[PDB]
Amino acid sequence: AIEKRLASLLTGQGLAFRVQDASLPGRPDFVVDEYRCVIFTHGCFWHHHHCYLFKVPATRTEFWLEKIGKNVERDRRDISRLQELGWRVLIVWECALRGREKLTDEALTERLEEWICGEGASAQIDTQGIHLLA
């Protein structure tokens, strides 16, 4: 749905990858054995991305803010386990794969490349670049 926009590039570089595995925490979306790393395509809302696509609903605010918080909490945990199992994690938010700021289809491959292969601490890819996971 958005997983594709990114998935399409993966095979674009051949990169050996499996999909949505429920045997790995946070059930990654893309799993790559070619580097012992997993990727995530998190929607900006459910996971509270401090990006333009995040808007606290005006209804049942407290019910959504608390539900969301538990999500972030679950990601933190998820990532942490993955890292424990010798996995490198990368998060690519939607705000940088769909929307009025979405990385030009170039910048991605160009950024995914320097990552996936050329090693590097876990990190996240957003509309304004890629930074250490944190």
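Numbering starts at 1 and runs along the sequence shown.
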7-15 set against 112-120, stretch whose average Cα temperature factor tops the other in the entry: 7-15
Higher of the two mean Cα B-factors (23-31, 45-53; per PDB record) comes from 23-31
Which listed residue, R74, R60, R36, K67, has the largest C-alpha temperature factor in the record? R36
Among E84, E94, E106, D78, which residue carries the highest C-alpha B-factor recorded in the PDB entry? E106
